[PDB]
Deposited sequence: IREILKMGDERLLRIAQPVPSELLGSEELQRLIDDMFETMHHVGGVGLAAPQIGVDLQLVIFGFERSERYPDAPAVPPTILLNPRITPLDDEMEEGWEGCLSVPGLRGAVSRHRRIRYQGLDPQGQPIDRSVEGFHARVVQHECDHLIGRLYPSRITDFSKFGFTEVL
């Protein structure tokens, strides 16, 4: 259980480094994965990225049992499948006390590596696409506030 970084911290603004191929398969990485799951599971979250616990790497976990399959995604790449967009709620463990409306692609393809280096290649929609988009925004130093276009829907959770 590592500490989750809060918005304002300059490390949630780095572009993350890719996972070097030597770490694929390794115990070192697997220790990282188990810490992330340990941390995300504890604060009740749906997703975590490596940057949010201090680690400069292109590595995200996500899962929910609008179900999303448990996944460890490395070195990700995203391709919107068409122009259609969709507004929904987003919160973030780095942005405590707050919620906002964001408009994300409805349909995406994502690609990357699993923890052993096997290729991942999926097309998804709806909440699944949202979560992947939100997570991969971390690996580029973007938090959901920098994506809001309707500030009428941005505010404190105990208010909204």
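TODO: Point out each run of deposited residues with no C-alpha coordinates, keeping the order of the sequence.
DONE: Going by the record, the one segment left unmodelled (no C-alpha atoms) falls at 66 to 73.
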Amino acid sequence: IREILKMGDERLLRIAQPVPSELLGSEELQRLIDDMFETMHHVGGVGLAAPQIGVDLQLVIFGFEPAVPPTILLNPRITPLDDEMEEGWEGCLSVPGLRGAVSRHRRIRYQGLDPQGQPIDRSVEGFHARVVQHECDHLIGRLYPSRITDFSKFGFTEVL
From here on, numbers count along this sequence of modelled residues.
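Task: Entry-level comparison of average CA B-factors, 52 to 60 and 37 to 45, reporting the higher stretch - done: Of 37 to 45 and 52 to 60, the stretch with the higher C-alpha B-factor average is 37 to 45.
Open item on the list: According to the Cα B-factor stored in this entry, which of the following is highest: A67, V95, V124, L113?
Closed with: Most elevated C-alpha B-factor of the set, per the entry: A67.
Open item on the list: For the chain shown, is the CA B-factor of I15 in the lowest, middle or highest third of its modelled residues?
Closed with: Tercile = middle for this residue's CA B-factor.
Task: Lowest, middle or highest third - CA B-factor, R109 - done: As the PDB entry reports it, the C-alpha B-factor of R109 lands in the middle third of its chain.
- [ ] Would you check the entry's CA temperature factor for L23 and let me know if it's in the chain's lowest, middle or highest third?
- [x] Highest third.
TODO: Can you work out whether the C-alpha temperature factor of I78 puts it in the lowest, middle or highest third of the chain?
DONE: Ranked within chain, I78 CA B lands in the middle tercile.
Open item on the list: Using the temperature factors of the C-alpha atoms in this entry, rank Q118 within its chain: lowest, middle or highest third.
Closed with: For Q118, whose C-alpha B-factor we compare with every modelled residue in the chain, the answer is the highest third.
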